[PDB]
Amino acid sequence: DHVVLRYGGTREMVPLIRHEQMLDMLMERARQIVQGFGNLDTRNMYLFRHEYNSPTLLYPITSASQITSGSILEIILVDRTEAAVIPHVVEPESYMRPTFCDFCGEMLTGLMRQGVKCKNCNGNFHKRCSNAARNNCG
């Protein structure tokens, strides 16, 4: 029973308890992830989840209740200068050993053509995942 945090180009699993300070704790993991990149100021750090069935859309998390198990939460420093997205350019791909979707962390499933592969950063994603918000090609 997890959630996934994402920042920079890094994902991390965090066990999802239902408990009053669940959100406090996710936030401090988030803060720790970002200082993992380098003392970036953190006062306007927010988590945004991807919408059910529509991963191009983000919703800000305000109460612990909006966190549902399995959700992908984005760590976003909202005070910080906007810059152009870098999208994966992607085409279908069949996989012969079990491989995981580089964005969401769950397994590509199916017989053939289990996901898409990006030509420039070589990642492996579900089609629904290859263009999720904040899945930038680094």
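So that there is no doubt, residue numbering starts at 1 and follows the sequence shown.
Next item on the list: State which stretch shows the higher mean Cα B factor in the entry: 72-80 or 31-39.
Entry: Result of the comparison: 31-39.
Note to self: Regarding 41-49 and 62-70, which shows the higher C-alpha temperature factor on average in the entry?
What the structure shows: Taking the mean B-factor of the alpha carbons in each, 62-70 is higher.
Next item on the list: Grab the CA temperature factor for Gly115 from the record and place it in the lowest, middle or highest third of its chain.
Entry: As the PDB entry reports it, the C-alpha B-factor of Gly115 lands in the lowest third of its chain.
Margin query: Where does the C-alpha B-factor of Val90 rank in its chain, lowest, middle or highest third?
Written below: As the PDB entry reports it, the C-alpha B-factor of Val90 lands in the highest third of its chain.
Item checked: Relative C-alpha B-factor of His126, binned into the chain's lowest, middle or highest third -> Tercile = lowest for this residue's CA B-factor.
Margin query: Ranking the modelled residues of this chain by C-alpha B-factor as given in the entry, is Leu108 in the lowest, middle or highest third?
Written below: Middle third by C-alpha B-factor.
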